[PDB]
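Given next, in structure tokens, is a single chain: the form deposited in one PDB entry.
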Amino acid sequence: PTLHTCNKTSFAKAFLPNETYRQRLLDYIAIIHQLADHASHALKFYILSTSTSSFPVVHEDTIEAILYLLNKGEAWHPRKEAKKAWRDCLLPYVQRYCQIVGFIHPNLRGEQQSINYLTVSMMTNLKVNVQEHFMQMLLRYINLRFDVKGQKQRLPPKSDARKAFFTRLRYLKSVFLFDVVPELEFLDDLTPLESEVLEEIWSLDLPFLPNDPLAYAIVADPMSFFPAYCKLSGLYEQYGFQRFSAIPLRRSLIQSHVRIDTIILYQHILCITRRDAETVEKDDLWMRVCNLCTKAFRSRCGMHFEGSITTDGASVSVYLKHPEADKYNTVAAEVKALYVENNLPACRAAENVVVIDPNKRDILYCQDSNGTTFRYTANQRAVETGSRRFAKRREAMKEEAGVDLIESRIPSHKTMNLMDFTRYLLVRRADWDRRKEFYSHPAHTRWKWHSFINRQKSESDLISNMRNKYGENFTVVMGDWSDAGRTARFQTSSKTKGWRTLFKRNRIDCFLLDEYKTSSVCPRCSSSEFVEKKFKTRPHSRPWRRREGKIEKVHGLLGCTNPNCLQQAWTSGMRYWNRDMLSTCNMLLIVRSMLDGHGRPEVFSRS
């Protein structure tokens, strides 16, 4: 549901100036971060080591058992039969992993809450990693085996050869992905490069539903695909393809956010017996360590603190929880539920309408009916957010600390071979002490929190400037990055949710409009037969491409050659235009046509 919110504040303003409590909390979060990292590494090691017999069906019990083992040793005494069996199976592998890494059991007490939270988080990471990326990686492997990389340089752009190649590509995938039932003659209709693909795909033991497609089966029981997914990465390793993280790893040594609640408070922070804690109200028990009067803890939209924070030693994210909280395909409509054509009744009553074109450099280029232009570029975000300022010093310190030569030697972590994974673990352990000392510096977390502060300030200033230029109330109509080869969820509508969310937070209505044929029409003559693009050339701006002698045609510059737009005095012979200006003018024309009821003009249509 949508019954929760978060407010992030600084560590100093969160906890009262009690040095003992702060030190206890810092030690606890460091221990929890170490436990989580070692648990992820041990889970991957166990999964790799058991491939010789069978890929285990990892369960929440598995993660909980791994965490409890790393924490205690053989002292864990679960009473549940499933947990007991998982403990018995995992103990040798965890022992070997600890011996290889030299990990010493922290013997932390009261591990129930933290272990449960980390188990839930890791299982969620497995579920999400298996849900979507499984199909995408399978399709990527199928494309790579067919050598589409080379075929793109072998087939004419539109000739019948490319059509036949596309037909074959879908024909093979339908049988491989269980989309269409094959006939017997399909057996002999396979070249060696295709027979190998069929055999490899079938060797993954893809689970499926007899009455539903593979994609629906993935959504229904995504975790059942976790074993096959682990197999898939192995193939990527055999053929040298772009490897993917089959089993997620918490590589970073920078102190990560750790969950703290009332139970953890009275177990490790306040250090009081449960019988004493149970006799005091939750809020009264929290005030002893946290300044509830701070702005971050105030209620919003009927939500209350409810004793949940996540802290990493530099910033604290306080979660506000609604009383109706959970207490621990049709969706395609959302693709077009927000588009302008379905929201015209609301657009007609908007005080002002602003059309925005996104670009990889001009992240926003906004124009209104009055012609007042505005833009928010990637340079402004990079400078104000401090991303480059932090990057040029945090990465530079590696020269002073010499850790750059350490991280580079680390082999790729996505390997699936047990020997290679052991090599990676040993190499990471070799210089683990120096990296741990380096990342313990407050500067890393301080920059991570200052980045959030700067991004929030930049986002607020952007809205302030937009309101100042266009007015207090306005409706945003933005393009969807349409092109001649973008027709899927992965490419068009997924690259705009950030700005839609940003506008929603400020209660600014945002709608999407088709960007197709936006750069075709000249508004001054409403004609596309006399529009020229990419005529002039200049040296490349990027420092490495520029020194290679590469010359690039201007992308954002367009021209109109129709005589009606040309003054006889102009020696250029063409009226110049900016790509963003023309796109905004065309979007304004389309919106005006839609509002009047005439609909999208035929010239901008996909006919």
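Here the rigid core means the biggest group of C-alpha atoms that line up within 1.5 Å when the two forms are laid on top of each other. All residue numbers are counted from 1 along the displayed sequence.
Below: the form deposited in another entry, not depicted.
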{"query": "Rigid-core fit between this form and the one not shown, the member of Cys271, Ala75, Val383, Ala488 whose C-alpha shifts 2 angstroms or more", "finding": "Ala488"}
{"query": "Rigid core superposed: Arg168 CA moves 2 Å or more between this form and the one not shown", "finding": "yes"}
{"query": "Is_shifted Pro213 between this form and the one not shown (CA, 2 Å cut-off, rigid core)", "finding": "no"}
{"query": "Flag for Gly102, CA shift 2 Å or larger between this form and the one not shown after aligning core", "finding": "no"}
{"query": "Closer or farther in the other form, the Cα atoms of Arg375 and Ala484, when the shift from this form is 3 Å or more", "finding": "closer"}
{"query": "In the other form, shift in Cα separation for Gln491 relative to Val219, 3 Å or more", "finding": "farther"}
